[PDB]
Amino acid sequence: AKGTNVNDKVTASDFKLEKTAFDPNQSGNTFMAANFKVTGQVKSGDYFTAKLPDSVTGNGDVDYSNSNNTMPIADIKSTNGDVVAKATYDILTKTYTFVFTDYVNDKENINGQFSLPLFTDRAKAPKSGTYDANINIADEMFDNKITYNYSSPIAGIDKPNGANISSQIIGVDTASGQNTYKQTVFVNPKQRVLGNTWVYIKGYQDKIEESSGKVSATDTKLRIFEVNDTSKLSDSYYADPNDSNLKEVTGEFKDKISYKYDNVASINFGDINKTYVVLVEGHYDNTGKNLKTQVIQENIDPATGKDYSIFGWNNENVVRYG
């Protein structure tokens, strides 16, 4: 159910952001907290909402797209554990909706409170910086600013011919049961001159038995895009496959990708001199083991045939609650 929108009966207050600056590339995030109050009375079905600007999201790197873009949210209660309201959040509209239950039918001057995780929006806010973060609760605007200090994905050896590669897991499907994940790898973020270049996507880090991840030809799809202008790349790891700045070249790799070795995939980039982006759609198992991963690149050559090198990179994500 869900009847009336009682925003006008509702007035939030005591709003604070746990903190106003963080690095979302090291599991940075914050929380919005607040008290609310119901001038008057209501009934099962009424509801109020909260809405988030472009800058933040309410699900961060947990994907819900395979769940009708709907994020369950732990119930709102009284002290006897009585479920006062049921809550959820729409990934698309960035709308929290709290819908009362069989509890409100006999009370007035109602008071509750929430605390809700807030994460960056990697598409909306793709470059380190300060953004307007005006949050709406029950038609009242609460204004803030968020600074994102992304750990530059431009990372690798300090050598002119040094292997350099980074990557992030930017969406994980915990809810649907499909157990999918989305990961952006950047190969040659430094856009150096690189010889016989090799890449590896692992479903684990040092220990297989320590990660749920699974990387096989059957569990894993890969799309590769030559970048036009590296500077135009996101600090956030988001990559829009439809950016003109990216040219999908997945068709140049039919015979350069191997799922031979366990929980790994290898691409043969060859002789390259600019950045490439790899979209990973993969899956992890029901082991409950955390999803940990690592990508590595090595290059030989270039114009010497010696001074070979290698650089690696690790991912895992963290879960918060509201």
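So that there is no doubt, residue numbering starts at 1 and follows the sequence shown.
Just going by the entry, 296 to 304 versus 17 to 25 on mean CA temperature factor gives the higher value to 296 to 304. Between 252 to 260 and 50 to 58, it is 252 to 260 that carries the larger average Cα temperature factor according to the deposited entry. In this entry, the residue among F100, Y96, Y148, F119 with the greatest C-alpha B factor is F100. Residue-level inspection of the entry shows that, of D240, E210, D173, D139, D139 has the top Cα B-factor.
Among the modelled residues of its chain, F36 has a C-alpha B-factor that falls in the highest third according to the deposited record. The entry lists a Cα temperature factor for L291 that places it in the lowest third of the chain's modelled residues. Residue-level temperature factors show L279 in the middle third of its chain, judged at the C-alpha atom. In the deposited entry, the Cα temperature factor of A123 sits in the bottom third of values across the chain's modelled residues.
Per-chain ranking of the deposited C-alpha B factor places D132 in the middle third.
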